[PDB]
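K.L.:
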Amino acid sequence: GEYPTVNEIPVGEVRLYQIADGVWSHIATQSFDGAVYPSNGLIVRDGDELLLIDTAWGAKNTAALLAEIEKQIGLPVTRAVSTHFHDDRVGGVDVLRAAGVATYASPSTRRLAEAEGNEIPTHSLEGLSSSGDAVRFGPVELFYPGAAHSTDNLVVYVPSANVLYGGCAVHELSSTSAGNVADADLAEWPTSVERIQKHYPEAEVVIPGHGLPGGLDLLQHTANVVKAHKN
Ligand SMILES: NS(=O)(=O)c1c(CC2CCNCC2)ccc(-c2ccc(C3CCNCC3)cc2)c1-c1nnn[nH]1
Ligand SMILES: [Mg+2]
Ligand SMILES: [Zn+2]
Ligand SMILES: [Zn+2]
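Under the deposited numbering, the first residue of the sequence shown is numbered 31, with each subsequent residue one higher.
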């Protein structure tokens, strides 16, 4: 009941929310087709450093994210991973790289970001090209579940806390619509959700790309939302 909502965060400001010991989400707001939406990413403590998952959707928000981290946590962000190629995930990568953050994404994401004209993470993550593939990256596991919201979408698991960050492949429980599906695979999305369910059965917290965290129910709910859209 305390997670910040869209009407609570002016565009340009960033909030942090403690999810578990050494795990936070970051929440920002920005504009799509003239309407303001909230957007989440993740921060995971990596010894005396931090791993960032996703930008805060643009340059101004990403600079505000780094400032909020400086104030709230006080550990340096040394690496970031973007979970797909859209600008709510890579927009602000240039701000990160000018702050000394090493930025990473799969080659699939990098190719799509390049073709879209979005900022491109510096480094390429091999080992994620086939559905069900996983790689460990610092304190997280990166998992490619197959095409869903996008063909390159990754999910991120924090094994120390049983936290699953679904990114835009996972919708919040209040969702009654499927959001921007222009780059989605509506047929494969339920199969990709099933793979996440099977791979992370112990997840205690599930964080969507937009909206409120909850439990494992966000996964089946997402498949249901997508089916309602498809039909
Ligand atoms: N990842 S994205 O680019 O598709 C995206 C953006 C980023 C911009 C898209 C155009 N190019 C510049 C970046 C922004 C908004 C939204 C979004 C749309 C609708 C929803 C609704 C969902 C139901 N519950 C109510 C909200 C939430 C998110 C989305 C989005 N992300 N997941 N799906 N759409
Ligand atoms: Mg750009
Ligand atoms: Zn997207
Ligand atoms: Zn999104």
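Even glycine gets a Cβ: it sits at the ideal position worked out from N, Cα and C.
List the DSSP bridge partners of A135.
P.N.:
Paired residues: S154.
K.L.:
Comparing C-alpha positions only, which one of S55, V66, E79 sits nearest to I73?
P.N.:
That would be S55, whose Cα lies nearest to the Cα of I73.
K.L.:
Please state whether the Cβ-Cβ distance between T139 and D78 is less than 8 Å.
P.N.:
No, they are not a contact pair.
K.L.:
Would the C-beta of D247 count as close to ligand 1, meaning under 7 Å from any of its heavy atoms?
P.N.:
No, the Cβ of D247 stays beyond 7 Å of every heavy atom of ligand 1.
K.L.:
CB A50 to CB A191, shorter than 8 Å?
P.N.:
Yes, these two residues count as a Cβ contact at 8 Å.
K.L.:
Can you give the Cα-Cα distance for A217 and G104, rounded to whole angstroms?
P.N.:
Approximately 43 Å between the Cα atoms of the pair.
K.L.:
Look at the alpha carbon of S205 and the alpha carbon of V255, and state the distance between them as a whole number of angstroms.
P.N.:
Going by the C-alpha atoms only, they are around 7 Å apart.
K.L.:
I think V165 touches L95, with their Cβ atoms under 8 Å apart; what is that distance to the nearest whole Å?
P.N.:
Contact flag wrong, Cβ pair sits at about 24 Å.
K.L.:
Rounded to whole angstroms, what's the CA-CA distance from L172 to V53? Just pull it up for me.
P.N.:
Their backbone Cα atoms lie some 15 Å apart in a straight line.
K.L.:
So is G130 buried or exposed if we call it buried at 16+ other beta carbons inside 10 Å?
P.N.:
The residue in question, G130, is exposed, as its Cβ has fewer than 16 Cβ neighbours within 10 Å.
K.L.:
Would you give the residue range spanned by the beta strand (DSSP E) that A89 belongs to?
P.N.:
Note, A89: premise wrong, no beta strand (DSSP E); alpha helix (DSSP H) at 89 to 102.
K.L.:
Helix, strand or coil, according to DSSP, for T181 in the structure here?
P.N.:
Looking at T181 - three-state DSSP - the assignment turns out to be coil, as it is neither helix nor strand.
K.L.:
For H259, does the three-state DSSP call read helix, strand or coil?
P.N.:
Three-state result, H259: helix.
K.L.:
Three-state secondary structure (DSSP) at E144?
P.N.:
The answer is helix: DSSP assigns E144 an H, G or I state.
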